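S.K.: Enclosed are the sequence and the experimentally obtained structure.
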Amino acid sequence: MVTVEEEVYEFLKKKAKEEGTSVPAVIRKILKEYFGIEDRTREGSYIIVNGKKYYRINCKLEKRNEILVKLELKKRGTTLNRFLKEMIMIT
């Protein structure tokens, strides 16, 4: 499971529609491309905190890739949300 800000979710939802796929498919594609990994794995609810929505996404990867991704985000010193946010901003 991932948690993202609304701006990030909007962005992911648009790519999910633009391409004929779900929001988790888009997250999996970004993770495969930016972490350079193979994954065999193959709508959106939220919570409100100080008036802001935060979407909880059921991203499921192979257990081994879940660990690599967590580790790489840690080594890199970034949350997944901030990583996706910076990638957006580079457009």
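M.R.: Noted; the coordinates are in hand. Numbering: from 1, shown residues only.
S.K.: which stretches of this structure form helices?
M.R.: 6-18, 23-35, 63-76, 80-89 (DSSP state H).
S.K.: quick one: contacts for the closest residue to residue 76 other than its chain neighbours?
M.R.: Among residues not flanking residue 76 along the chain, residue 83 sits closest, at 7.6 Å (C-beta to C-beta, 6 or more residues apart in numbering). Where C-beta positions appear, they are placed from N, C-alpha and C, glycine not excepted. Residues counted as contacts of residue 83 (C-beta atoms under 8 Å, 6 or more residues apart in numbering) are 34, 73, 76.
S.K.: Please report how far the residue most central in space within the chain lies from residue 1.
M.R.: In the chain, the centroid-proximal residue (C-alpha atoms, centre = their mean) is residue 27; its distance is 4.2 Å. From residue 27 over to residue 1 the distance is 11 Å, taken as C-beta to C-beta, to the nearest Å.
S.K.: Ok, residue 34 next?
M.R.: Distance from residue 34 to residue 1, by C-beta to C-beta: 19 Å.
S.K.: do residue 67 as well
M.R.: From residue 67 across to residue 1, the span is 15 Å (C-beta to C-beta).
S.K.: who's more crowded, those two?
M.R.: Set residue 67 next to residue 1 and count neighbours by other C-beta atoms under 10 Å: residue 67 wins out with 11 against 7.
S.K.: Now for that one: which residues touch it?
M.R.: Taking C-beta under 8 Å, 6+ apart, we find residue 67 in contact with no residue.
S.K.: Apply 10 Å and report the result again.
M.R.: residue 61 (C-beta atoms under 10 Å, 6 or more residues apart in numbering).
S.K.: now do residue 22
M.R.: Residue 22 touches 12, 13, 16, 28, 42, 43, 44, 57, 58, counting by C-beta under 10 Å, 6+ apart.
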